[PDB]
Amino acid sequence: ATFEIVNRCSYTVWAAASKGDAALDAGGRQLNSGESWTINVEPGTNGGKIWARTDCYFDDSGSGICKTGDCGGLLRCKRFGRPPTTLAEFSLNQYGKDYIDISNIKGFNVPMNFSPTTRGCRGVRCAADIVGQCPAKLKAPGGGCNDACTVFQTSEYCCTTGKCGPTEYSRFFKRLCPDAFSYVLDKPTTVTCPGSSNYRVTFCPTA
């Protein structure tokens, strides 16, 4: 499947793509304002994620650091990134269907639209100014808006026991972005697409 990753932000981002234990495609790449990067993701990819990283510095070998979404200091991510990270999430060719969503469960750093480029389903979007409106205790000094689990490490926020309800913090993410997961047991906003759909992830889709 193809994922066109587009940076409409006025600032450079470093796109990242991983399924947790491996890179997807090259795993990461710099995207200046306006640039597009098309990757190929193997059919059947389960638990894939795409995100943006901000304020990165990498050396010649592709080692360095990002202020949000850093994946073990690598330009080419093999692992998931350090919160806060707005997450485009997907599992492909699962009994004939693709499943996509956006998640704020690991916080928010960059606004995002996640849409099919092929027919048969709708896209999802979280493009509200979550960083600007972020509750004081959730603000990440490094940039972005942390989820409450990341900040407070409680069973309730992290849904450790598999029992948890919505919280004041999760309700903030849900208020600004109704179409993204705000906590682990949120009412699913997952979209069912035809198996083997193709997609576009757009950072800052409205700016």
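Here, each number is a calculation from the coordinates, and none is a lab measurement. As a convention, Cβ positions derive from the backbone with ideal geometry for all residues, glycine included, and neighbour counts pool all protein chains shown.
Observations on the model:
- Test: residue in segment 124-131 that is of a type in the set (D, E, K, R), within 30 Å of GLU42 (Cα to Cα), touching a helix residue (DSSP H, G or I) at 6+ places or on another chain (Cβ under 9 Å) and surrounded by 18 or more Cβ atoms within 10 Å (Cβ to Cβ): no
- Cβ pairs under 7 Å, 6+ apart, first in segment 85-107 and more than 29 Å from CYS56 (Cβ to Cβ), second surrounded by 24 or more Cβ atoms within 10 Å (Cβ to Cβ) and of a type in the set (A, V, I, L, M, F, W, C): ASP98/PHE90; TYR99/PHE90
- When segment 93-104 is limited to residues that are surrounded by 22 or more Cβ atoms within 10 Å (Cβ to Cβ) and of a type outside the set (S, T, N, Q), the one that is farthest from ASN7 (Cα to Cα) turns out to be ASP98.
- Taken over segment 181-198, the criterion of being part of a strand (DSSP E or B) and over 14 Å from the mean Cα position of the chain (by Cα) is satisfied by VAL191, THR192, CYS193, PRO194.
- Here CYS121 meets each of (1) more than 24 Å from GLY69 (Cβ to Cβ); (2) surrounded by 16 or more Cβ atoms within 10 Å (Cβ to Cβ); (3) in contact with a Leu (Cβ under 9 Å, 6 or more places away or on another chain) with one exception, condition (3).
Yes or no, residue by residue, for (1) more than 24 Å from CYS126 (Cβ to Cβ); (2) hydroxyl-bearing (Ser, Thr, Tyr):
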{"residue": "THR2", "(1), (2)": "no, yes"}
{"residue": "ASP25", "(1), (2)": "no, no"}
{"residue": "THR38", "(1), (2)": "no, yes"}
{"residue": "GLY44", "(1), (2)": "yes, no"}
{"residue": "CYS56", "(1), (2)": "no, no"}
{"residue": "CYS66", "(1), (2)": "no, no"}
{"residue": "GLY72", "(1), (2)": "yes, no"}
{"residue": "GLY81", "(1), (2)": "no, no"}
{"residue": "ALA88", "(1), (2)": "no, no"}
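- For first residues located in segment 28-42 and in contact (Cβ under 8 Å) with a residue 40 or more places away in the chain, partners that are basic (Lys, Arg) and assigned to a loop (DSSP other than H, G, I, E, B) and lie 6+ apart or on another chain with Cβ distances below 6 Å form the pairs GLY28/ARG76.
- Residue match in segment 161-171 (condition: in contact (Cβ under 8 Å) with a residue 40 or more places away in the chain, among the hydroxyl-bearing types (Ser, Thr, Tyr) and surrounded by fewer than 19 Cβ atoms within 10 Å (Cβ to Cβ)): no
- Scan segment 44-70 for residues that are touching a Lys or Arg at 6+ places or on another chain (Cβ under 6 Å), closer than 23 Å to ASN198 by Cα and assigned to a strand (DSSP E or B) and the total you get is 1.
- Residue that is surrounded by the most Cβ atoms within 10 Å (Cβ to Cβ) [pool: residues in segment 182-206 that are more than 14 Å from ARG122 (Cα to Cα) and among the aliphatic types (A, V, I, L, M)]: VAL184
- Subset of segment 27-62 [more than 17 Å from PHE114 (Cα to Cα), loosely packed, with under 13 Cβ neighbours inside 10 Å and among the hydroxyl-bearing types (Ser, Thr, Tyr)]: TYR57, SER61
- Among (1) surrounded by fewer than 21 Cβ atoms within 10 Å (Cβ to Cβ); (2) polar (S, T, N, Q); (3) under 17 Å from the mean Cα position of the chain (by Cα), the one test that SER18 misses: (1)
- Qualifying residue in segment 151-164 (condition: over 16 Å from the mean Cα position of the chain (by Cα) and of a type in the set (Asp, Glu)): yes
- Strands (runs of 3 or more DSSP E) wholly inside segment 78-180 containing at least 1 residues that are among the aromatic types (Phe, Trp, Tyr): 87-94, 97-103, 112-116
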